[PDB]
């Protein structure tokens, strides 16, 4: 009962389910075959999740928000053994998104680009995946054109977050599942449960 606080499994389950639901609600995603969908999600969930989280972590300092009440800080991350990736995320994404005042539709567009990846193996409708990504490209360029008419180089500046998300997404896969470690911090701060 003291470590029945593995509910975080169900929290991350909620998060993943919501990744799936987000993908499904992305235009033209549910139109392509199911095998392709599964392959795309399986190949992209890291970069997608870190993009969302890092965009959420703009309003906080030296931390990454993960969901309901979870906010991983730098100390906890370094203690988890992934302080490098944490700082990297904080510097090249959270910082960047904050400085650019990057909105949720731009983020949605970039994540749409990540999701629609024609380079993944076993893809049946590879070409179809590719010219949906190109649609996202055009739509995004139009968006940056009409929303930031005085920032002509903003499109490329959005697109430049992608290789960073790639490098970091490859460095995650020294798995940042190291924050299951939350599973036993609620209990530790429930032992020193006091001094309200």
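Numbering follows the first chain given and starts at 1.
- Comparing 66-74 with 153-161, the higher mean C-alpha B-factor in the PDB entry belongs to 66-74.
- Judged by mean Cα B factor in the deposited record, 34-42 ranks above the other of 50-58 and 34-42.
- Ranked within its chain, residue 80 lands in the highest third, by CA B factor from the PDB record.
- Placement of the Cα temperature factor of residue 125 within the chain: highest third of the modelled residues, per the deposited record.
- Residue 99: CA B factor in the highest third of modelled residues in this chain (values from the PDB entry).
- Residue 24: CA B factor lies in the middle third for its chain, per the PDB record.
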